[PDB]
């Protein structure tokens, strides 16, 4: 959910602007060992409840049986820098980020995210290409009965530093 991104005043905030009607995205995941995941999400703001609804479909295949995913060898995603580019005539954005999953051995596991961010409303203002920096942590809090875990994120939009 790219609404939970601190935007400075001088970069156009496509996601917050799309609200409350919301937006939809699709993302491909390409892992270095050939697994492929796709995700589709529908984000809508009920202003009555002051609440943000997420409806996600998530599919993935060809994770090797003894790979770090199926064997649960992963701790966290390494902190990242995503490139958000506009698509001038279609009024949509395109995410491109290279992601690393840290293995409990101290190594890495690479995935390519390619996202298409597409607002439900035809947007007035289109942003210029900028960056988003994310830090996403996970803590498993599984008990005897249910499997549960917590996530925390922090995302900030930036222009080029130069």
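Positions refer to the first chain, counted from 1.
Taking the mean of the C-alpha B-factors per stretch from the entry, tell me the winner out of 33-41 and 100-108.
-> Of 100-108 and 33-41, the stretch with the higher C-alpha B-factor average is 100-108.
Quick one: say whether 142-150 or 5-13 has the higher mean Cα B-factor in the deposited entry.
-> Comparing 142-150 with 5-13, the higher mean C-alpha B-factor belongs to 142-150.
Tell me, please, which of 59, 28, 133, 121 has the highest C-alpha B factor according to the deposited entry?
-> Comparing C-alpha B-factors across 59, 28, 133, 121, the maximum falls on 121.
Among the chain's modelled residues, which third holds the C-alpha B-factor of residue 92?
-> Its C-alpha B-factor, which the entry lists for residue 92, ranks in the middle third among residues of this chain.
Chain third (lowest, middle, highest) by recorded CA B-factor, residue given as residue 73 = Residue 73: CA B-factor falls in the highest third of its chain.
Cα B factor band for residue 51 (lowest, middle or highest third within the chain) | CA B-factor rank for residue 51: middle third.
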